[PDB]
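Below: one structure, written as structure tokens.
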Amino acid sequence: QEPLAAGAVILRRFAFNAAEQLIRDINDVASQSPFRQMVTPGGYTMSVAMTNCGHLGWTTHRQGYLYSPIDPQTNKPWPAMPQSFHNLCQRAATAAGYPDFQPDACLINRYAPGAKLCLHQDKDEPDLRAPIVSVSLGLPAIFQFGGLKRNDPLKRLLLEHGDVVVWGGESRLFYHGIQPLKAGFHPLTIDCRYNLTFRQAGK
DNA sequence: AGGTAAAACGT
DNA sequence: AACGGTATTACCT
Ligand SMILES: O=C(O)CCC(=O)C(=O)O
Ligand SMILES: [Mn+2]
């Protein structure tokens, strides 16, 4: 438990032991709602490929960003959140000082070499102020963690296989991002990084 | 009036 | 290549 910011911590290798089962369950989720690179409202295709599980999934569409109970590609609900995901999230949130966290949304991110996620905020969903639990699997990536304003100084932190990052409270709306993924090998993911992002998006 | 796109090129 | 412009507007509700 290292102190990243007010209300924020990195739990290094927290999910290392859980990783093989997490990846099996990523493959199961994606067999039903495949990874897809989403198109921004402005018309650009994201380099990260995404899917979701749980009741609500993050998605783009023409009018903005949305949490949706239906996968717009399959027109079916997102797959149920795997118990391995829910258990890991709960254990990490508790260790980070958020024992009451009840996620209903898990965004699954797949990074090929070169893929990035530019600095952004996970904005508040209506009447909600729950933390974010973020699990890294596979190849290492440089995570940017800033402040409430885009130009606030960035911390740059390598996130390796099994690292969990949790933010909330005062740091809930902090800008953050992932720098372009370096090519490499990992025994469990082969050639990519995955990330699991747990949120409470629904009342 | 308040929130949201940019979770996306130039120096 | 780290930093910051752009949304300094145009829409929605
Ligand atoms: O891949 C990561 O570590 C961060 C992902 C993220 O910020 C997101 O999906 O909102
Ligand atoms: Mn995010």
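In the text below, chain A, chain B and the rest are named by the order of the sequence lines, each starting its count at 1.
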| Quantified in whole Å, what is the P atom distance between nucleotide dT11(B) and nucleotide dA7(B)? | 23 Å

| message | Of all nucleotides in DNA chain B that come within under 4.0 Å of a heavy atom of chain A, which is furthest toward the 5' end and which toward the 3' end? | response | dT4(B) to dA8(B)

| query | Under a 4.5 Å side-chain heavy-atom rule over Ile, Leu, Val, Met, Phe, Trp and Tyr, are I132(A) and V9(A) clustered together? | reply | no

| Pairwise P distance for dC12(C) and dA6(B), with rounding to whole Å | 14 Å

| field | Paired nucleotide for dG2(B) [Watson-Crick or G-U wobble; both distances under 3.5 Å] | value | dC12(C)

| query | Does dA2(C) have a Watson-Crick or wobble partner in any strand here, with both distances under 3.5 angstrom, and which is it? | reply | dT11(B)

| Can you find a heavy atom in the side chain of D122(A) that is under 4.5 Å from one in the side chain of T197(A)? | yes

| Tell me: CZ of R150(A) to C1' of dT6(C), nearest whole Å? | 8 Å

| query | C1'-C2'-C3'-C4' for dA7(C): north (positive) or south (negative)? | reply | south

| Residues from residues 41-69 of chain A lying under 4.0 Å of DNA chain C - heavy atoms | none

| said: How about CD on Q121(A), more than 12 heavy atoms from neighbouring residues, nucleotides or ligands closer than 6.0 Å, or not? | reply: yes

| Atom NZ of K149(A) to atom P of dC3(C): distance rounded to whole Å? | 16 Å

| field | Heavy-atom closest pair, residues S31(A) and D28(A) | value | OG-O, 2.6 Å

| query | In terms of hydrophobic clusters joined by side-chain contacts under 4.5 Å, are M50(A) and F35(A) together? | reply | no

| request: Could you let me know what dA7(C) is paired to, Watson-Crick or G-U wobble, both distances under 3.5 Å, or none if it's on its own? | output: none

| field | Nearest-angstrom distance, P atom, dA7(C) to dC3(C) | value | 23 Å

| message | Do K123(A) and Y65(A) make a side-chain contact, defined as non-hydrogen atoms from C-beta onward lying under 4.5 Å apart? | response | no

| remark: DNA chain B nearest-nucleotide lookup for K116(A) and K123(A): closer to the 5′ end is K123(A)

| field | Residue pair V165(A) / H176(A), side-chain heavy-atom distance below 4.5 Å | value | no

| request: Just call it for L119(A): base, sugar-phosphate, or nothing, with non-hydrogen atoms closer than 4.0 Å on any strand. | output: sugar-phosphate

| Looking at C53(A) and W78(A), what are the two nearest heavy atoms and their distance? | CA-CB, 4.1 Å

| task | Quick one: list whatever passes salt bridge (charged side-chain N to carboxylate O under 4.0 Å, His left out) with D124(A), sequence neighbours left out. | result | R172(A)

